[PDB]
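Encoded as C-alpha cells, the structure appears first; notes follow it.
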Amino acid sequence: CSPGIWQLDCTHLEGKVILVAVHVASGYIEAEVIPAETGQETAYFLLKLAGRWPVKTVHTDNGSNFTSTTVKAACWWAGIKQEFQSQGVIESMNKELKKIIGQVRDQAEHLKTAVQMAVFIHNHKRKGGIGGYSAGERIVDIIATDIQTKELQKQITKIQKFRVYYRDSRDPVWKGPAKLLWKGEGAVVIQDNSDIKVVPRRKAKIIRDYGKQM
Amino acid sequence: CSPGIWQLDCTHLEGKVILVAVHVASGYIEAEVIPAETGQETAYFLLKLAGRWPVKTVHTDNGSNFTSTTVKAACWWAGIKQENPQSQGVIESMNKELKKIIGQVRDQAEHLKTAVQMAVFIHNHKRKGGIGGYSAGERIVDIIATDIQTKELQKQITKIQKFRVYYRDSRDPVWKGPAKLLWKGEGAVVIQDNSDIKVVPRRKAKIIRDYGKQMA
Ligand SMILES: Cc1nc2ccccc2c(-c2ccc3c(c2)CCCO3)c1[C@H](OC(C)(C)C)C(=O)O
Ligand SMILES: Cc1nc2ccccc2c(-c2ccc3c(c2)CCCO3)c1[C@H](OC(C)(C)C)C(=O)O
C-alpha cells in the first residue's frame with residue numbers, strides 16, 4: 001500500500017538546478033545536482049534511482065519533466081508508472097536540507113558536495129534522544145517486512161485458494177469448503193468464514209491440484 | 001564486520017572508465033560512470049555511496065584516487081576507512097561480467113553510459129534465479145536488516161551486562177559469586193554463572209545496577 005511510492009522535488013539553485021527523491025515513508029533522499037535541467041537529463045538519475053530501490057510509482061509536482069518524452073520512456077523500462085500541507089512541509093524538509101546545505105555551505109566550496117552531504121545528513125539522522133526510529137532505518141525495515149510479506153502472502157495465496165471440505169460429526173451433509181488454519185496427520189484446524197472449527201483428519205477432506213496463469 | 005565493508009572497482013572501456021561500487025556480501029552494485037576520472041570525482045560518488053548506505057570500509061591494494069588525498073578525507077568525514085582471496089578474484093570477474101551484460105544492453109540502448117546504468121539495474125533487480133536470494137539486491141536489505149536487529153540486541157547485551165545480581169540459594173548459606181542476568185522473569189530471575197546456566201526466585205535475589213553516573 002504505502003511502499004514503492006516516492007516523491008521528487010525540483011530545486012531551483014544558485015548555479016545549477018538539482019532534483020531530490022524520497023519514499024515519503026523512507027525519508028531517504030538521493031538528490032543529484034543537474035549540469036543542465038532537461039527532461040532528458042532527469043531520466044539517467046531515475047535510472048540509477050530505480051536500481052537502489054524499486055519504486056512502483058512517483059507522484060510528480062511538475063508537468064514538464066513528465067511531458068518530456070524521455071521521462072516516460074524510462075518509467076516503462078523500469079515499470080515505474082508516472083502518477084498525475086504535508087508536501088509543503090516535505091518541501092520544508094527539502095528546505096531543511098537546503099538549510100543543511102547552508103549549515104555546510106561555509107564548510108564546502110562546491111555546492112554539489114554540500115547537497116550530497118546534506119543527503120548523508122537526513123540519512124542516518126536521529127531525532128532528539130535517538131530512540132531508534134532511525135531516519136537511516138528509513139523504510140528499510142518496511143522493505144524487509146514487504147519481502148517477508150511477499151513470502152508469507154505466497155504461502156498464504158496457496159492456502160487462500162485451496163478448499164478443504166469437512167463433514168459435521170453425525171451429519172450426512174458435509175460442510176462447504178473453507179480456508180484451513182492448521183494441518184496435522186492426526187487432526188486439522190480450519191476456519192469457515194462464518195465460524196472457525198477443528199476436525200479429525202479421518203473426518204477431513206482436501207483438494208490437492210489446480211494450475212493456471214502459466 | 002563484513003556488511004560494513006564494500007568493494008569498489010573501475011575498469012576503462014573505450015578509454016572512458018566507469019566507477020563501480022558493489023556491497024560485497026549482497027553483491028548489490030551501484031556504479032557511476034564519471035565524465036572525467038579524478039580523485040575528487042571518485043569522492044563524490046563515494047559521498048553518494050555513504051548516503052545510500054553506511055559502508056564501514058573499502059579496499060584497494062593501490063588506487064590512484066586512493067593515493068589522492070581528497071578521497072581519503074571524505075572517508076574520514078564519513079568515518080568509513082580505506083584499506084577470502086577467492087571472492088576478490090571473483091570481483092574482477094564480476095567487473096567483467098557486467099560488461100558482458102552490457103554488450104547485450106548496447107544493441108538495445110542508444111548511449112552506452114545510459115546503457116550501463118540499466119545493466120546494473122538489471123543485475124541488482126535480477127533474481128540470479130533467486131538462488132543466492134530471491135533478488136541479490138534483496139540480499140542486501142536483509143543483511144542490513146539482520147544487522148539492525150543485531151545492533152539493538154547487541155546493545156541489549158550492553159545494557160544487560162551492566163546489571164549486577166546475587167543469589168540467596170538457601171538463606172543460611174552465603175552466596176559464592178556475582179551473577180550476570182540472562183533474563184528477567186517476574187517473581188523470578190534468569191542468570192548465568194559463566195561456569196553454570198541457572199534460574200531462581202525473585203525474592204532470593206536482589207538486583208543492583210552496576211552503573212555510577214551513567215548518561216543512560
Ligand atoms: C537521448 C534520449 N532521448 C529520448 C527521446 C525520447 C524518448 C526517450 C529518450 C531517451 C530514453 C529515455 C528513457 C529511457 C531510455 C531512453 C532507454 C531505456 C531506459 O529509459 C534517451 C536516452 O537518453 C537519456 C537516458 C539521457 C534520457 C538515450 O537514448 O540514452
Ligand atoms: C574540492 C574539494 N577539494 C578538496 C581538497 C582537499 C581535501 C578535500 C577536498 C574536498 C572535500 C572532499 C571530501 C569531503 C569534503 C571536502 C567535505 C566534507 C565531506 O567530505 C573537496 C570537495 O569537492 C569534491 C567532493 C568534488 C572533492 C568540496 O566540495 O569541498
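Counting begins at 1 with the first residue displayed.
Per the header of the entry, the method used was X-ray crystallography, 4.4 Å.
Heads up, the Cβ atoms here are built off N, Cα and C, so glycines get one too.
Residues annotated as DNA-binding region in Swiss-Prot, with sequence analysis given as evidence: B:163-210.
If you look up Swiss-Prot, you'll see B:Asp9, B:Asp61, B:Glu92 marked as Mg(2+) 3 binding site. Within 10 Å of the C-beta of B:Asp61 (Mg(2+) 3 binding site) there are 7 other C-beta atoms, taking all protein chains into account.
Taking the Cβ of B:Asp9 (Mg(2+) 3 binding site) as centre and 10 Å as the limit, one finds 18 other Cβ atoms among all the protein chains shown. Other than the site residues B:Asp9, B:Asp61, B:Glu92, same-chain residues with C-beta atoms no more than 8 angstroms from the centre of those residues' C-beta atoms, the Mg(2+) 3 site, are B:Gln7, B:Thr60, B:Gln88, B:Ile91, B:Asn95. According to DSSP, the DNA-binding region (B:163-210) comprises 0 helix, 21 strand, 27 coil.
The Cβ of B:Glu92 (Mg(2+) 3 binding site) lies under 8 Å from the Cβ of B:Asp9, each of which sits 6+ residues away along the same chain. Flanking an unmodelled run of 5 residues, B:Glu83 and B:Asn84 have Cα atoms spaced 15 Å apart.
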